[PDB]
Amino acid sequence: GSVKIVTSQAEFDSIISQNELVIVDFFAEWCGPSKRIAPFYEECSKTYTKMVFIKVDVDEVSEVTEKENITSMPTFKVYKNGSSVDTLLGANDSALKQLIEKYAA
């Protein structure tokens, strides 16, 4: 559908568990590369509707990051019923597209 900003660990947990197929984009406002790929990720939220697209600010929602083990940005993790199944790092659009079709083409 589109991309929303999550602002709590419960909300992140609830949305993924109940929604089945979920991709999530861990970003930082101060992060150049993360910003560099933000537009393109907004695009895929529209085209590939066979998945849920969301964002987490790693500074704001501290608890989430200190659990998914986020150590760099942007980090993309895809989920299945509630469990991470894949994870990508970087601002390479081609890589990201390659990733999303792998689970949502």
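So that there is no doubt, residue numbering starts at 1 and follows the sequence shown.
Decide which of the stretches 28-36 and 42-50 has the higher mean C-alpha B-factor, going by the entry.
Higher mean C-alpha B-factor: 42-50.
Among the modelled residues of its chain, does the C-alpha B-factor of residue 16 lie in the lowest, middle or highest third?
For residue 16, whose C-alpha B-factor we compare with every modelled residue in the chain, the answer is the highest third.
Looking at the entry's B-factor column for C-alpha atoms only, identify whether residue 73 ranks in the lowest, middle or highest third of its chain.
Its C-alpha B-factor, which the entry lists for residue 73, ranks in the lowest third among residues of this chain.
State the tercile, meaning the lowest, middle or highest third, of residue 85 with respect to the CA B-factors recorded for its chain.
Highest third - that is where residue 85 ends up once the chain's C-alpha B-factors are sorted.
How does the C-alpha B factor of residue 10 compare with the rest of the chain: lowest, middle or highest third?
According to the entry, residue 10 has a C-alpha B-factor in the chain's middle third.
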